[PDB]
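Listed in order, the protein sequences are those of chains A, B and C. Residue 264 in our numbering is what sits at position 260 of the first sequence, and the numbering runs on without skipping anything. Residue 15 in our numbering is what sits at position 6 of the second sequence, and the numbering runs on without skipping anything. Residue 128 in our numbering is what sits at position 53 of the third sequence, and the numbering runs on without skipping anything. A virtual CB, placed ideally from N, CA and C, is assigned to each residue, including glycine.
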Amino acid sequence: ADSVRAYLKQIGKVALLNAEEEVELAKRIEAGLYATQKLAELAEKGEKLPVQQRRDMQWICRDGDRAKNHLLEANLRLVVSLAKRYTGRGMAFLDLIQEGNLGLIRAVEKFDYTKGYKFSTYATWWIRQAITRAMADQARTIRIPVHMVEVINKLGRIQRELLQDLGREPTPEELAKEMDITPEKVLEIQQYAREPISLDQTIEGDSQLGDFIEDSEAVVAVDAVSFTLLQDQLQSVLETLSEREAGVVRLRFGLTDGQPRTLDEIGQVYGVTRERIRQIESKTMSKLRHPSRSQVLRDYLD
Amino acid sequence: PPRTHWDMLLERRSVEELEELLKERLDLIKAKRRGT
Amino acid sequence: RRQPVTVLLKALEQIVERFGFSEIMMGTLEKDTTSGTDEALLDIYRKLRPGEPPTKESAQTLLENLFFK
């Protein structure tokens, strides 16, 4: 009928364990893990083993995984027990549950039975960390990193505490001193904490927001034509200049090629010292400023 | 170079502790087949 | 749709005696197959939570937790 309703149906099909049961599973899971590593090291070093001993060693490797999976399936209810408390903070319940299961996995990987502590005592840390670590990683569409997500929560914490001490929302200078940071830092943090909004959202009636965004780089027909008319006007001026003079002005700004060129690079094509190119440039520019040549382009200024 | 289940196990128990554990586990299967 | 009208009081004797005035109400009751308080509370349970095996405690807290607290 419902997705989550289906998952709880199946996790409940495994009976919860007791302390002695946990310790045993934690032993077999550990022996199988060492039995596996032992055999791998042997091939590198040689060290063949008794044909029979190797047989029941490989079975211990195989047997440890049943202990691993049996231990996980028994404490799945614990994950859901912890995940419920974090719904509605930007993550679906199932995603919280799965990330919690990841923490449960490591808890099993890192569990120590010799300490004699109940499993739920230690596994709760890993499930809680795996869920919150996941929320910082995913809950936001723009994905602030963890340390920055940590300072945001700490800042809001401070504002909350202070608000009760002061009776009013604090000013940036007060939060800056209370957190031991600069007032321009806390302001920069409050800009990061902004969360996005949906274009597909609608605003009054039947009009989605998305239809109001301008395309900035869209070609504006009134300017692109004048640009074409402008580059034709410049083509006229070049015919008035000396053939060497017109060639220099282009290459310096790369009108034909589309890329500028430095003087030394303009010296190779014309086989002259780069200073001479600078001199020719200066004389030709001043002549371009001459009253006759530039009169038309004044109006084309903007 | 990840951090694997072996690394996490070796960090908390020496090879002599693991070896003695393996010996116990080996004797269990040893008793099963040998002793009725 | 159309839970038997009798199952609700079974969820909560002499059901016929106190309401003997209505002839049709007794006709619907005669058509109701459930008998007893716990046996019919399972009938009403199956439709409220489709997919959960009832518990002896959950059956009784089901009806009271729903509408009376």
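May I have the straight-line CA-CA distance separating residue i from residue j, to the nearest angstrom?
i: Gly44(B); j: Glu33(B); result: 15 Å
i: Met17(B); j: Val112(A); result: 11 Å
i: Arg22(B); j: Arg12(B); result: 16 Å
i: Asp141(A); j: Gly94(A); result: 11 Å
i: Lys52(A); j: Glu45(A); result: 10 Å
i: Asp116(A); j: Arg77(C); result: 56 Å
i: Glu34(A); j: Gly68(A); result: 7 Å
i: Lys287(A); j: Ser246(A); result: 11 Å
i: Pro79(C); j: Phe96(C); result: 19 Å
i: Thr112(C); j: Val8(A); result: 31 Å
i: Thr244(A); j: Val276(A); result: 23 Å
i: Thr136(A); j: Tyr90(A); result: 9 Å
i: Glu218(A); j: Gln239(A); result: 34 Å
i: residue 354(A); j: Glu77(A); result: Given a span of 5 to 306 for chain A in the structure shown, any question on residue 354(A) remains unanswerable.
i: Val24(B); j: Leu123(C); result: 57 Å
i: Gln205(A); j: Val18(A); result: 44 Å
i: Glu165(A); j: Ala143(A); result: 25 Å
i: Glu279(A); j: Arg302(A); result: 30 Å
i: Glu26(A); j: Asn73(A); result: 12 Å
i: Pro149(A); j: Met139(A); result: 11 Å
i: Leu20(A); j: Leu12(A); result: 14 Å
i: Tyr121(A); j: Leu203(A); result: 52 Å
i: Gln102(A); j: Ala228(A); result: 55 Å
i: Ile38(B); j: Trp15(B); result: 23 Å
i: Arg70(A); j: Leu43(A); result: 19 Å
i: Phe123(A); j: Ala23(A); result: 8 Å
i: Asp169(A); j: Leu159(A); result: 15 Å
i: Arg66(A); j: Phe143(C); result: 54 Å
i: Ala5(A); j: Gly126(C); result: 8 Å
i: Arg248(A); j: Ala222(A); result: 38 Å
When DSSP labels each residue in this structure, what does residue i get in the three-state scheme?
i: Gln212(A); result: strand
i: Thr136(C); result: helix
i: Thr206(A); result: strand
i: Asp116(A); result: coil
i: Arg12(B); result: coil
i: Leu87(C); result: coil
i: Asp236(A); result: helix
i: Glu218(A); result: coil
i: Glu26(B); result: helix
i: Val91(C); result: helix
i: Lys144(C); result: coil
i: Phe97(A); result: helix
i: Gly126(C); result: coil
i: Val8(A); result: helix
i: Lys32(B); result: helix
i: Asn79(A); result: coil
i: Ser296(A); result: helix
i: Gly111(C); result: coil
i: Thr125(A); result: helix
i: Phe231(A); result: helix
i: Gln102(A); result: helix
i: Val82(C); result: helix
i: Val223(A); result: coil
i: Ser286(A); result: helix
Which same chain residues end up closer than 7 Å to residue i when comparing Cβ atoms and leaving out the 5 residues on each side of it in sequence?
i: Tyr120(C); result: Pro129, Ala134, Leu137
i: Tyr126(A); result: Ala111, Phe115
i: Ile162(A); result: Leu179, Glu182, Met183
i: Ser220(A); result: none
i: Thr145(A); result: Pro200
i: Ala197(A); result: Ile156
Interface residues of chain E around residue i at Cβ under 8 Å?
i: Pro125(C); result: No chain E appears in this structure, whose protein chains are A, B and C.
Note down, in chain order, each residue of its chain lying with its Cβ closer than 6 Å to the Cβ of residue i, except the 5 sequence neighbours on either side.
i: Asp118(C); result: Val82, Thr109
i: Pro176(A); result: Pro187, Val190, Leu191
i: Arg59(A); result: none
i: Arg81(A); result: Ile15
i: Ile281(A); result: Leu267, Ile270, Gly271
i: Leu75(A); result: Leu29, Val112
i: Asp107(C); result: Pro79, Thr81
i: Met100(C); result: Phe94
Excluding the 5 residues flanking residue i on each side, which residues of the same chain have their C-beta closer than 8 Å to its C-beta?
i: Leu98(A); result: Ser7, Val8, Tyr11
Indicate whether the contact test is met: 3 or more Cβ pairs, each with one atom in the stretch 72 to 87 of chain A and one in the stretch 125 to 143 of chain A, closer than 8 Å. yes
Contact the stretch 255 to 263 of chain A vs the stretch 205 to 222 of chain A: 3+ CB pairs below 8 Å: Short answer: they don't touch.
Which residue spans inside the stretch 15 to 74 of chain A form an unbroken beta strand (DSSP E) run of at least 3? none
Segments of 4+ residues assigned as alpha helix (DSSP H) that fall wholly inside the stretch 152 to 204 of chain A: 176 to 183, 187 to 196
Counting pairs of beta carbons, one from the stretch 269 to 282 of chain A and one from the stretch 250 to 260 of chain A, are three or more of them closer than 8 Å? Enough Cβ pairs lie closer than 8 Å, so yes.
Taking three-plus beta-carbon pairs below 8 Å as touching, is the stretch 25 to 39 of chain A in contact with the stretch 282 to 301 of chain A? no
Taking 8 Å as the threshold, find out whether the stretch 90 to 110 of chain A comes into contact with the stretch 150 to 159 of chain A through three or more Cβ pairs. no
Alpha helix (DSSP H) runs contained entirely in the stretch 238 to 282 of chain A, provided each spans 4 or more residues: Counting only runs of 4 or more, we get 247 to 257, 267 to 274.
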